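The structure under discussion appears below in the form of structure tokens.
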Amino acid sequence: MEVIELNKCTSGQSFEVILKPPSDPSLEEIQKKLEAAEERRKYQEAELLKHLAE
Amino acid sequence: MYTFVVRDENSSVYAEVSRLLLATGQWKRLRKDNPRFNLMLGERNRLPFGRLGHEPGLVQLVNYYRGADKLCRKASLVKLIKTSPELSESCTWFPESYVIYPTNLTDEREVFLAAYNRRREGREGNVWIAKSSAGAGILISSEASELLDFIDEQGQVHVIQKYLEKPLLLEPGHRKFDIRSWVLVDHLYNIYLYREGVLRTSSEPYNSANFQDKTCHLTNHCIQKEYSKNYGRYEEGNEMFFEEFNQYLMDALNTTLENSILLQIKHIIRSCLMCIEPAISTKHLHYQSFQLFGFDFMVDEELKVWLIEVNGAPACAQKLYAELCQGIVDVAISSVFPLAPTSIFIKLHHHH
Amino acid sequence: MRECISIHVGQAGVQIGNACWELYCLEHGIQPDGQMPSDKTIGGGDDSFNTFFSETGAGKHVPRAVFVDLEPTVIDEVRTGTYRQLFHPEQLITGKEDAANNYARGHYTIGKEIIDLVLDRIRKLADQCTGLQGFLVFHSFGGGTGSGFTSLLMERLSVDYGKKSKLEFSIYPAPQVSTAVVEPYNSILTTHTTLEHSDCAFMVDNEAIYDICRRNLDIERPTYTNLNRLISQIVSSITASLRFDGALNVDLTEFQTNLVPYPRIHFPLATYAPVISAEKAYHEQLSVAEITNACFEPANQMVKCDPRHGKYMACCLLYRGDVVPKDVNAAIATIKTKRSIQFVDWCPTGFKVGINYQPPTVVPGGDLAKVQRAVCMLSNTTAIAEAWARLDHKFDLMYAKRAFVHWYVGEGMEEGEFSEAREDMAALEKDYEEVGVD
Amino acid sequence: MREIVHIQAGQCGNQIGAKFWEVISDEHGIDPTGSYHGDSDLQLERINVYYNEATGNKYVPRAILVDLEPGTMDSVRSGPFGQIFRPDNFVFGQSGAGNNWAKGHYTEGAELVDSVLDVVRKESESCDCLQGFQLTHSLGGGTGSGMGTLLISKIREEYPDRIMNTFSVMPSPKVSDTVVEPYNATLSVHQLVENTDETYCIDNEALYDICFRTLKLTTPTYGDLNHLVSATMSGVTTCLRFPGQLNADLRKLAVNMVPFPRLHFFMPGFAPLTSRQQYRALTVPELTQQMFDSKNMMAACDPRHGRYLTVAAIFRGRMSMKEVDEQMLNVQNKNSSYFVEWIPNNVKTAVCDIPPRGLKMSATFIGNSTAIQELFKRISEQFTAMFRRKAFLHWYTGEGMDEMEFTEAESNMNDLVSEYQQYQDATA
Ligand SMILES: Nc1nc2c(ncn2[C@@H]2O[C@H](COP(=O)(O)OP(=O)(O)OP(=O)(O)O)[C@@H](O)[C@H]2O)c(=O)[nH]1
Ligand SMILES: Nc1ncnc2c1ncn2[C@@H]1O[C@H](COP(=O)(O)OP(=O)(O)CP(=O)(O)O)[C@@H](O)[C@H]1O
Ligand SMILES: Nc1nc2c(ncn2[C@@H]2O[C@H](COP(=O)(O)OP(=O)(O)O)[C@@H](O)[C@H]2O)c(=O)[nH]1
Ligand SMILES: COc1ccc(NC(=O)CN)cc1
Ligand SMILES: [Ca+2]
Ligand SMILES: [Ca+2]
Ligand SMILES: [Ca+2]
Ligand SMILES: [Mg+2]
Ligand SMILES: [Mg+2]
Ligand SMILES: [Mg+2]
């Protein structure tokens with residue numbers, strides 16, 4: 001039950017008690033995801049419009 | 001109208017409780033995967049406790065205490081008794097036991113050999129028994145070499161404990177036996193002891209000069225009904241109940257089952273369950289737990305009671321299923337979900 | 001002095017963000033118009049509160065915050081609310097139609113079209129910082145914006161601010177205050193793509209805040225207002241070290257050091273006490289031992305789980321009020337002998353303690369009672385994995401039938417991303433089991 | 001400013017649409033001349049969802065009235081709130097549709113559709129952020145059924161990413177005008193299954209049986225049947241028309257009610273439904289019991305014959321919201337077999353402080369239940385009974401239609417039935 005690194009200031013204090021010792025995607029890659037999904041939405045809508053045009 | 005689910009089809013006890021619940025016309029059984037339930041008769045292994053108590057508008061209750069395995073595992077119980085100050089290492093009612101890991105894998109190998117050598121040098125009875133939870137595989141021997149080589153041949157954890165060389169023998173027969181007590185702990189953590197126990201007797205005369213024939217040393221109902229040749233001679237099914245066992249203790253020993261044995265049993269049950277209460281109690285939890293336990297005891301020739309093991313998913317004596325199961329519904333289920341005596345239990349009061 | 005920028009995404013983040021800055025102002029003595037009499041350095045300064053507030057030449061203290069929602073009705077309450085004077089208009093960003101509780105819609109469809117605008121506004125705040133620490137991102141798991149647009153923002157923040165730390169405050173979905181059937185989908189999708197970008201995330205289960213509000217505050221049917229005022233109390237306890245003089249958790253880097261030894265297991269459990277009802281006749285003030293013992297009662301945890309059956313990797317005790325180190329250690333010693341506190345072997349069995357003498361501030365007319373001392377315990381337990389298990393289970397139920405999946409695929413997401421995100425959660429659950437189970 | 005554009009087509013469509021605008025206009029404080037005379041700000045909070053604001057603080061419904069004969073819309077323009085509609089939004093012909101789907105969809109309807117679309121486009125171009133469209137129509141006639149589904153097809157082509165909602169009256173031989181109603185309904189269901197995001201199925205027999213057996217109206221009329229639809233339409237749009245802790249967005253509603261794209265056909269319900277003992281207060285338990293009772297539902301489908309995929313309940317009035325949650329959870333937990341277990345928490349509940357006219361409180365029910373398949377089974381049976389002999393087919397082949405088109409429509413509706421039955425037997 002040891003207290004270490006005790007700090008005291010006007011607005012409080014802090015310390016540490018030790019009871020026992022121990023034993024990314026680039027900017028380009030993000031644009032490709034976003035544009036890939038956008039292209040899939042445009043393709044799905046184009047199929048809908050091709051269906052409605054038929 | 002209360003609802004419950006069943007997730008252990010192999011449970012004889014709760015199959016009856018499930019049969020009684022539906023018999024009250026006020027409980028409805030759901031599919032095992034339906035989450036809107038009041039009661040769960042859960043599986044024995046990997047019961048998903050984390051998914052309980054998260055359905056709005058439902059008080060949920062389960063028939064298992066998360067953490068009771070610490071008491072119902074062979075190796076876990078040994079570690080719990082040696083490490084829990086409430087029980088201490090000098091506990092008088094538990095045989096000197098050691099946890100031994102097979103060499104193909106802390107481990108108390110050297111600590112066991114120290115006490116073994118001590119007994120061998122002191123002319124004392126030095127017979128031990130090796131067993132594991134993965135057994136139906138038990139070995140009784142008086143040589144430390146054999147016990148250790150038997151564990152290395154396996155691949156799971158084992159435990160070696162002192163074999164009671166002076167067990168109490170019933171007459172006629174000169175035969176060993178063990179006592180089984182059923183204990184029900186409800187959500188409030190009241191410890192109830194079923195007034196009815198069973199003695200699983202060995203239909204073979206005890207022989208301390210031949211631990212090879214494990215039929216007169218292991219009182220299991222399976223070994224006695226498979227490898228024993230006097231099964232069903234003295235008592236039906238090698239099962240003697242308290243009434244007969246008590247009258248025997250009076251005619252032969254001039255004592256009663258309450259004084260000579262039962263006080264010690266009640267003491268052991270209290271000590272074991274009160275010890276783990278902080279670790280498994282569902283008092284301030286989002287769900288509630290209850291559980292039935294099977295305590296197995298040994299008695300020696302000094303009328304001293306020893307704790308053998310604690311079973312978390314025990315079966316019941318065929319002749320006692322009705323009374324006990326109904327007892328589970330009365331104090332365990334209906335106490336939380338009331339329906340629209342002279343209790344069969346013995347409340348072991350304590351300090352919560 | 002180093003600055004922290006707060007980002008509030010979606011309805012949950014915005015309303016919670018609003019409740020936090022209301023509390024910060026009362027804590028630092030900042031009026032709604034932005035003026036601060038106690039600040040003697042007019043139009044500047046490098047004080048502890050300046051990590052969250054910039055200053056104008058006219059003495060206005062302006063939050064270092066950005067509010068983003070894909071629909072304008074929630075942020076309009078900020079534009080016309082009590083603290084409408086704190087934020088300048090550029091700080092409040094709104095679209096015209098939301099993500100419809102659809103992760104793919106907030107991440108791909110709508111996120112692609114507003115991401116570069118959000119970054120530009122964040123860049124404007126960053127350019128006011130002489131030493132930016134990082135970001136605090138508030139959002140919900142279930143919302144389409146909170147889940148979908150946040151994960152996109154987190155990706156871009158790691159690109160534009162590589163050396164900056166990022167803490168989350170995430171609202172875990174609870175059926176008692178949720179009308180979205182697909183929130184388990186959104187929660188897992190956003191956790192998957194955000195995991196490698198968050199250095200420390202504080203999950204708040206709405207189910208827990210709901211029950212605390214009903215059990216302790218006698219609120220029959222709590223609202224978002226009741227929930228947010230309590231959530232902002234906890235948030236204030238957690239961020240106080242950055243806004244006040246002290247030596248514990250003084251920068252965002254310290255949150256990771258003191259709470260996350262394993263990078264993937266960065267979800268500390270928060271426990272707060274005491275929560276006393278203001279309508280009460282008058283409460284008996286709890287001692288350091290009683291409030292500290294309460295930190296080990298599941299009923300005061302931000303996520304309902306059982307730490308008795310996990311293993312601790314770290315533990316921070318953050319006290320606010322009349323507390324001295326002597327009483328803390330005396331209460332802890334009493335608790336170690338009475339509680340089940342199992343630490344992992346590769347970590348020390350210790351407690352870092354922070355005490356700020358200023359007792360918790362309570363919003364006048366709110367529900368919380370003024371207490372003399374309170375504590376917020378931050379512990380990294382494997383037991384919080386129960387929350388992931390619950391969430392994963394609901395995910396599996398719907399995904400086995402592909403229920404609702406067409407809505408996501410219809411916004412340009414591939415079905416494979418569902419199982420890719422699910423397999424990540426399965427790994428996350430394996431790591432917890434390898435750390436806290438024998 | 002999430003605007004909805006309303007369209008009502010045919011006789012049934014315009015008579016029910018008329019009463020709908022009558023009911024909600026009263027709720028929002030709009031009088032017959034479009035002037036607001038309410039007393040609460042909540043009435044104008046979301047008024048722009050269904051109304052446009054003109055000069056002089058007037059409010060004009062965003063509604064387009066369509067028919068191939070003048071008669072019905074003449075009545076509307078001369079009705080109670082007839083003056084409230086934009087005169088330019090009346091688009092009608094003179095030939096009629098002869099209760100003939102082919103005439104509304106291909107011949108007579110085709111001649112008039114472009115002028116209707118010009119009115120739709122004009123209403124949209126003044127929308128700050130158009131949510132989507134809602135159409136009221138019958139499926140048993142020619143204009144509402146045939147031209148209505150043609151309008152939906154063309155609306156979807158021009159606004160492919162907007163939500164399309166309909167209130168659809170399904171025919172019943174017990175409440176019938178002509179024998180060809182099964183033909184018209186089956187052809188329309190084929191369109192709806194493909195093009196609408198949400199369809200409230202209103203069965204004229206359920207409306208009849210409620211008026212007769214519950215309301216105790218000896219000889220129900222179409223006007224009596226429409227009182228129920230008006231009230232039901234006011235309930236399901238309460239989320240959209242008033243503020244509250246609910247978002248209520250057409251797209252958000254669809255995401256939470258439609259687990260599979262083809263299974264977007266709902267059973268609506270309303271409570272109370274009291275006969276004239278009409279002044280008694282109704283408790284939250286009573287509201288919840290009735291709202292879930294089959295007799296209070298309007299698809300003529302017993303929910304006990306299927307399972308709920310999703311459910312949305314809206315409570316209106318000043319009531320114990322705690323008591324509401326309790327009663328809703330009680331109904332689920334006490335009948336959990338009727339809710340699919342592979343969609344957790346599939347029952348959502350909303351509340352609104354403003355009750356309908358003359359009611360302390362009420363509850364509207366929206367159920368996406370696999371039991372709706374029995375409705376399509378009825379239509380499919382009546383259809384095949386005639387089609388197997390090609391009876392009455394000449395009215396349709398005379399308009400350029402081929403038998404093959406009938407066969408395809410039938411197969412799609414039967415497929416739809418097969419889907420409901422497969423999710424009704426599904427398990428975790
Ligand atoms: N605690 C708390 N939770 C909230 C609040 N607002 C919303 N939530 C939760 O957030 C989840 C819904 O996500 P939202 O944040 O509302 O959705 P969103 O982020 O705005 O994204 P959209 O779908 O586009 O609206 C639900 O689980 C709500 O319970 C709030 O003010 N406080
Ligand atoms: N230390 C010991 N001394 C004497 N007998 C012992 C003993 N350990 C075990 N036994 C004998 O073994 C039997 C119990 O075996 P144990 O309970 O360890 O195996 P098990 O758990 O697979 C059977 P069950 O769970 O049904 O009781 C008792 O009848 C007892 O006679
Ligand atoms: N509920 C209701 N149903 C109607 C009404 N008028 C007609 N119907 C039903 O609608 C079908 C006839 O369609 P109708 O609207 O008259 O044809 P249309 O004018 O060509 O669109 C039949 O099934 C009628 O039972 C009405 O006012 N109310
Ligand atoms: C309410 O309007 C009605 C219209 C038709 C009927 N009857 C038939 O359809 C012929 N059985 C009854 C009522
Ligand atoms: Ca200053
Ligand atoms: Ca990073
Ligand atoms: Ca013509
Ligand atoms: Mg055993
Ligand atoms: Mg939103
Ligand atoms: Mg007609």
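We label chains A, B, ... in the order they appear in the structure tokens, count residues from 1 in each chain, and number ligands from 1 in the order shown.
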Contacts with ligand 4 at most 9 Å, only C-alpha atoms and all ligand atoms counted, listed as number ranges by chain: D: 172-178, 204-205, 207-208, 219-225
Near chain C, 9 Å: chain D residue rows, closest pairs, only C-alpha atoms, as a Markdown table:
```
| residue | atom | partner | partner_atom | distance |
| --- | --- | --- | --- | --- |
| D:1 | CA | C:96 | CA | 8.5 |
| D:2 | CA | C:97 | CA | 8.0 |
| D:128 | CA | C:96 | CA | 8.7 |
| D:129 | CA | C:96 | CA | 6.9 |
| D:131 | CA | C:97 | CA | 8.6 |
| D:245 | CA | C:224 | CA | 8.3 |
| D:246 | CA | C:179 | CA | 8.1 |
| D:249 | CA | C:100 | CA | 7.5 |
| D:250 | CA | C:100 | CA | 8.8 |
| D:251 | CA | C:100 | CA | 6.0 |
| D:252 | CA | C:100 | CA | 4.4 |
| D:253 | CA | C:100 | CA | 8.2 |
| D:254 | CA | C:100 | CA | 8.9 |
| D:255 | CA | C:407 | CA | 6.9 |
| D:256 | CA | C:181 | CA | 5.7 |
| D:257 | CA | C:181 | CA | 8.4 |
| D:258 | CA | C:404 | CA | 6.9 |
| D:259 | CA | C:404 | CA | 4.2 |
| D:260 | CA | C:404 | CA | 6.1 |
| D:261 | CA | C:406 | CA | 7.2 |
| D:310 | CA | C:181 | CA | 8.7 |
| D:320 | CA | C:221 | CA | 8.8 |
| D:321 | CA | C:221 | CA | 6.7 |
| D:322 | CA | C:221 | CA | 5.4 |
| D:325 | CA | C:176 | CA | 8.6 |
| D:341 | CA | C:397 | CA | 7.9 |
| D:342 | CA | C:397 | CA | 4.7 |
| D:343 | CA | C:398 | CA | 5.5 |
| D:344 | CA | C:394 | CA | 6.4 |
| D:345 | CA | C:181 | CA | 6.5 |
| D:346 | CA | C:181 | CA | 6.1 |
| D:347 | CA | C:179 | CA | 8.3 |
| D:348 | CA | C:179 | CA | 5.4 |
| D:349 | CA | C:179 | CA | 7.4 |
| D:350 | CA | C:179 | CA | 8.4 |
| D:423 | CA | C:401 | CA | 8.9 |
| D:426 | CA | C:401 | CA | 8.7 |
| D:428 | CA | C:397 | CA | 6.4 |
```
Counting only C-alpha atoms, the option among D:158, D:41, D:419, D:323 closest to chain A: D:158
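Within chain A, DSSP applied to the backbone places the following residues in helix (DSSP H, G or I): residues 27, 28, 29, 30, 31, 32, 33, 34, 35, 36, 37, 38, 39, 40, 41, 42, 43, 44, 45, 46, 47, 48, 49, 50, 51, 52 and 53 of chain A.
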Contact set, chain A to chain D: 10 Å, only C-alpha atoms, as a PyMOL selection string: chain A and resi 45-46+48-53
Deliver the residues from the most recent selection as a file, using N, CA and C atoms, as a JSON list (two decimals), in the first residue's frame.
```
[["chain", "number", "residue", "atom", "x", "y", "z"],
["A", 45, "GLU", "N", -29.49, 2.64, -60.02],
["A", 45, "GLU", "CA", -30.51, 3.55, -60.53],
["A", 45, "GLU", "C", -30.65, 3.44, -62.04],
["A", 46, "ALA", "N", -29.53, 3.29, -62.75],
["A", 46, "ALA", "CA", -29.61, 3.13, -64.20],
["A", 46, "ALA", "C", -30.41, 1.89, -64.58],
["A", 48, "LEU", "N", -32.86, 0.64, -62.77],
["A", 48, "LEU", "CA", -34.25, 1.01, -62.53],
["A", 48, "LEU", "C", -34.80, 1.82, -63.69],
["A", 49, "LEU", "N", -34.03, 2.79, -64.19],
["A", 49, "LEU", "CA", -34.52, 3.62, -65.29],
["A", 49, "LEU", "C", -34.61, 2.82, -66.58],
["A", 50, "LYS", "N", -33.66, 1.90, -66.81],
["A", 50, "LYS", "CA", -33.76, 1.01, -67.96],
["A", 50, "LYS", "C", -35.01, 0.15, -67.88],
["A", 51, "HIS", "N", -35.35, -0.30, -66.67],
["A", 51, "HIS", "CA", -36.58, -1.06, -66.46],
["A", 51, "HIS", "C", -37.80, -0.20, -66.76],
["A", 52, "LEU", "N", -37.85, 1.01, -66.19],
["A", 52, "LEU", "CA", -38.99, 1.88, -66.41],
["A", 52, "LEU", "C", -39.11, 2.32, -67.86],
["A", 53, "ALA", "N", -37.98, 2.50, -68.55],
["A", 53, "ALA", "CA", -38.03, 2.85, -69.96],
["A", 53, "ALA", "C", -38.58, 1.70, -70.80]]
```
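Residues within 8 Å of residue A:23, counting only C-alpha atoms and excluding same-chain residues fewer than 2 positions away, are residues 21 of chain A; 345, 346 and 347 of chain C.
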Protein and nucleic residues near ligand 7, 8 Å, only C-alpha atoms and all ligand atoms, as a PyMOL selection string: chain D and resi 95+107-108+111
Write out the residues from the selection above, keeping C-alpha atoms, as a short mmCIF file (atom, residue, chain, number, x, y, z; two decimals), in the first residue's frame.
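Ended up saving to selection_8.cif:
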```cif
data_model
loop_
_atom_site.label_atom_id
_atom_site.label_comp_id
_atom_site.auth_asym_id
_atom_site.auth_seq_id
_atom_site.Cartn_x
_atom_site.Cartn_y
_atom_site.Cartn_z
CA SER D 95 -64.44 9.63 -70.74
CA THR D 107 -55.68 4.18 -72.95
CA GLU D 108 -57.75 6.88 -71.22
CA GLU D 111 -53.91 10.57 -72.46
#
```
Residues near residue C:418, anyone? I mean within 8 Å using only C-alpha atoms, not counting same-chain ones fewer than 3 positions away, as a PDB file with N, CA and C atoms, in the first residue's frame.
```pdb
ATOM      1  N   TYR C 185     -26.993  -3.230 -36.427  1.00  0.00           N
ATOM      2  CA  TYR C 185     -26.206  -3.113 -37.652  1.00  0.00           C
ATOM      3  C   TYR C 185     -25.299  -1.891 -37.601  1.00  0.00           C
ATOM      4  N   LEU C 189     -21.139  -1.812 -37.663  1.00  0.00           N
ATOM      5  CA  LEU C 189     -20.503  -1.204 -38.827  1.00  0.00           C
ATOM      6  C   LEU C 189     -19.567  -0.072 -38.418  1.00  0.00           C
ATOM      7  N   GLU C 414     -21.468  -2.714 -49.982  1.00  0.00           N
ATOM      8  CA  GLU C 414     -21.449  -4.120 -50.367  1.00  0.00           C
ATOM      9  C   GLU C 414     -21.844  -4.986 -49.180  1.00  0.00           C
ATOM     10  N   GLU C 415     -22.602  -6.049 -49.459  1.00  0.00           N
ATOM     11  CA  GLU C 415     -23.040  -6.928 -48.381  1.00  0.00           C
ATOM     12  C   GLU C 415     -21.858  -7.501 -47.613  1.00  0.00           C
ATOM     13  N   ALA C 421     -17.314  -6.584 -41.014  1.00  0.00           N
ATOM     14  CA  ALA C 421     -17.447  -5.894 -39.737  1.00  0.00           C
ATOM     15  C   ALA C 421     -17.777  -6.872 -38.618  1.00  0.00           C
ATOM     16  N   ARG C 422     -18.559  -7.909 -38.921  1.00  0.00           N
ATOM     17  CA  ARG C 422     -18.915  -8.885 -37.897  1.00  0.00           C
ATOM     18  C   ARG C 422     -17.708  -9.716 -37.477  1.00  0.00           C
TER      19      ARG C 422
END
```
Can you tell me which residues surround residue B:284 at a distance of at most 8 Å, considering only C-alpha atoms, apart from same-chain residues fewer than 2 positions away, and format the answer as an mmCIF file with C-alpha atoms, in the first residue's frame?
```cif
data_model
loop_
_atom_site.group_PDB
_atom_site.id
_atom_site.type_symbol
_atom_site.label_atom_id
_atom_site.label_comp_id
_atom_site.auth_asym_id
_atom_site.auth_seq_id
_atom_site.Cartn_x
_atom_site.Cartn_y
_atom_site.Cartn_z
ATOM 1 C CA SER B 281 -24.380 -12.904 -5.221
ATOM 2 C CA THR B 282 -27.058 -11.443 -7.511
ATOM 3 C CA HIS B 286 -29.755 -6.763 -13.184
ATOM 4 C CA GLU C 297 -21.911 -1.608 -7.672
ATOM 5 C CA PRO C 298 -23.171 -2.447 -11.182
ATOM 6 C CA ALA C 299 -26.169 -0.122 -10.708
#
```
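Residue neighbourhood of residue A:12, excluding near-sequence residues (fewer than 2 positions): residues 6, 7, 8, 9, 10, 14 and 15 of chain A; 240, 241, 244, 245, 246, 247, 248, 318, 319, 320, 321, 322, 323, 324, 325, 353, 354, 355, 356, 357, 358 and 359 of chain C, at 12 Å, using only C-alpha atoms.
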Non-local contacts of residue A:38 (12 Å; only C-alpha atoms; under 2 positions in same chain excluded) as an NGL selection string: (:A and (31-36 or 40-45)) or (:C and (104-105 or 107-113 or 409-414))
Could you dump the residues just selected with N, CA, C and O atoms as a CSV table (one decimal), in the first residue's frame?
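Output file again.csv follows:
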```csv
chain,number,residue,atom,x,y,z
A,31,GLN,N,-11.2,8.0,-51.0
A,31,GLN,CA,-11.9,8.5,-52.1
A,31,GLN,C,-12.4,7.3,-53.0
A,31,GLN,O,-13.5,7.4,-53.6
A,32,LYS,N,-11.6,6.2,-53.1
A,32,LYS,CA,-12.0,5.1,-53.9
A,32,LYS,C,-13.2,4.4,-53.3
A,32,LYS,O,-14.1,3.9,-54.0
A,33,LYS,N,-13.2,4.2,-51.9
A,33,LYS,CA,-14.4,3.6,-51.3
A,33,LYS,C,-15.6,4.4,-51.6
A,33,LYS,O,-16.6,3.9,-52.0
A,34,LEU,N,-15.6,5.8,-51.3
A,34,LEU,CA,-16.7,6.6,-51.5
A,34,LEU,C,-17.2,6.6,-53.0
A,34,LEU,O,-18.4,6.5,-53.3
A,35,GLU,N,-16.2,6.7,-53.9
A,35,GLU,CA,-16.6,6.7,-55.3
A,35,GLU,C,-17.0,5.3,-55.8
A,35,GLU,O,-17.9,5.2,-56.7
A,36,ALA,N,-16.5,4.2,-55.2
A,36,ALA,CA,-17.0,2.9,-55.5
A,36,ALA,C,-18.4,2.7,-55.2
A,36,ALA,O,-19.3,2.3,-56.0
A,40,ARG,N,-21.8,2.2,-57.6
A,40,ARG,CA,-22.8,1.2,-57.4
A,40,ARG,C,-24.2,1.7,-57.3
A,40,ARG,O,-25.2,1.1,-57.8
A,41,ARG,N,-24.4,2.9,-56.7
A,41,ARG,CA,-25.7,3.6,-56.6
A,41,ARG,C,-26.1,4.0,-58.0
A,41,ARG,O,-27.3,3.9,-58.4
A,42,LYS,N,-25.2,4.6,-58.8
A,42,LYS,CA,-25.6,5.0,-60.2
A,42,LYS,C,-25.9,3.9,-61.0
A,42,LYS,O,-26.8,4.0,-61.9
A,43,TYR,N,-25.3,2.7,-60.9
A,43,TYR,CA,-25.6,1.5,-61.7
A,43,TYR,C,-27.0,1.0,-61.3
A,43,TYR,O,-27.7,0.6,-62.2
A,44,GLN,N,-27.2,0.9,-60.0
A,44,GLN,CA,-28.6,0.4,-59.6
A,44,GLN,C,-29.7,1.3,-60.1
A,44,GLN,O,-30.7,0.8,-60.6
A,45,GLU,N,-29.5,2.6,-60.0
A,45,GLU,CA,-30.5,3.6,-60.5
A,45,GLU,C,-30.6,3.4,-62.0
A,45,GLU,O,-31.8,3.5,-62.6
C,104,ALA,N,-24.9,3.1,-44.0
C,104,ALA,CA,-24.4,3.3,-45.4
C,104,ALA,C,-24.8,4.7,-45.9
C,104,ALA,O,-24.0,5.3,-46.7
C,105,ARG,N,-26.0,5.2,-45.6
C,105,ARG,CA,-26.5,6.5,-46.1
C,105,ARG,C,-25.7,7.6,-45.5
C,105,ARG,O,-25.3,8.6,-46.2
C,107,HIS,N,-22.6,7.3,-44.1
C,107,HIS,CA,-21.2,7.1,-44.4
C,107,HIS,C,-20.9,7.4,-45.9
C,107,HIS,O,-20.0,8.2,-46.2
C,108,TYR,N,-21.6,6.7,-46.8
C,108,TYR,CA,-21.3,6.8,-48.2
C,108,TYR,C,-22.1,7.9,-48.9
C,108,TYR,O,-21.5,8.9,-49.4
C,109,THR,N,-23.4,7.8,-49.0
C,109,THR,CA,-24.2,8.7,-49.8
C,109,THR,C,-24.1,10.1,-49.3
C,109,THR,O,-23.7,11.0,-50.1
C,110,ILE,N,-24.4,10.4,-48.1
C,110,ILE,CA,-24.4,11.8,-47.6
C,110,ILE,C,-23.0,12.2,-47.1
C,110,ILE,O,-22.5,13.3,-47.3
C,111,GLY,N,-22.2,11.3,-46.5
C,111,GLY,CA,-20.9,11.6,-46.0
C,111,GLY,C,-20.0,12.1,-47.1
C,111,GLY,O,-19.3,13.1,-47.0
C,112,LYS,N,-20.0,11.4,-48.3
C,112,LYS,CA,-19.2,11.8,-49.4
C,112,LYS,C,-19.4,13.3,-49.8
C,112,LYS,O,-18.5,14.0,-50.2
C,113,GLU,N,-20.6,13.8,-49.6
C,113,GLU,CA,-20.9,15.1,-50.1
C,113,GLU,C,-20.7,16.2,-49.1
C,113,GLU,O,-20.7,17.4,-49.4
C,409,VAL,N,-27.3,-1.9,-49.0
C,409,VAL,CA,-26.8,-2.2,-50.3
C,409,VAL,C,-27.4,-1.1,-51.3
C,409,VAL,O,-26.7,-0.7,-52.2
C,410,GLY,N,-28.6,-0.7,-51.0
C,410,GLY,CA,-29.2,0.4,-51.9
C,410,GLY,C,-28.5,1.7,-51.8
C,410,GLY,O,-28.7,2.5,-52.7
C,411,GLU,N,-27.7,1.9,-50.8
C,411,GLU,CA,-26.9,3.2,-50.7
C,411,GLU,C,-25.5,3.0,-51.2
C,411,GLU,O,-24.7,3.9,-51.0
C,412,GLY,N,-25.1,1.9,-51.8
C,412,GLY,CA,-23.8,1.6,-52.4
C,412,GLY,C,-22.9,0.8,-51.5
C,412,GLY,O,-21.7,0.6,-52.0
C,413,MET,N,-23.3,0.3,-50.4
C,413,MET,CA,-22.5,-0.5,-49.6
C,413,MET,C,-22.6,-2.0,-50.1
C,413,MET,O,-23.6,-2.4,-50.5
C,414,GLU,N,-21.5,-2.7,-50.0
C,414,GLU,CA,-21.4,-4.1,-50.4
C,414,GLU,C,-21.8,-5.0,-49.2
C,414,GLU,O,-21.5,-4.7,-48.0
```
Among the residues B:120, B:54, B:233, B:74, the one that comes closest to chain C [using only C-alpha atoms]: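 Smallest separation from chain C among the options: B:54.
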Report the closest atom pair, with its distance in Å rounded to one decimal, for each residue of chain D that has an atom no farther than 9 Å from ligand 10; count only C-alpha atoms and all ligand atoms, sort by chain and then rising residue number, and write it as a Markdown table.
```
| residue | atom | partner | partner_atom_place_in_ligand_line | distance |
| --- | --- | --- | --- | --- |
| D:10 | CA | ligand 10 | 1 (Mg) | 7.7 |
| D:11 | CA | ligand 10 | 1 (Mg) | 5.6 |
| D:12 | CA | ligand 10 | 1 (Mg) | 7.1 |
| D:97 | CA | ligand 10 | 1 (Mg) | 8.9 |
| D:98 | CA | ligand 10 | 1 (Mg) | 8.0 |
| D:99 | CA | ligand 10 | 1 (Mg) | 6.5 |
| D:140 | CA | ligand 10 | 1 (Mg) | 8.7 |
| D:141 | CA | ligand 10 | 1 (Mg) | 6.2 |
| D:142 | CA | ligand 10 | 1 (Mg) | 8.1 |
| D:143 | CA | ligand 10 | 1 (Mg) | 8.9 |
| D:177 | CA | ligand 10 | 1 (Mg) | 7.0 |
| D:178 | CA | ligand 10 | 1 (Mg) | 8.8 |
```
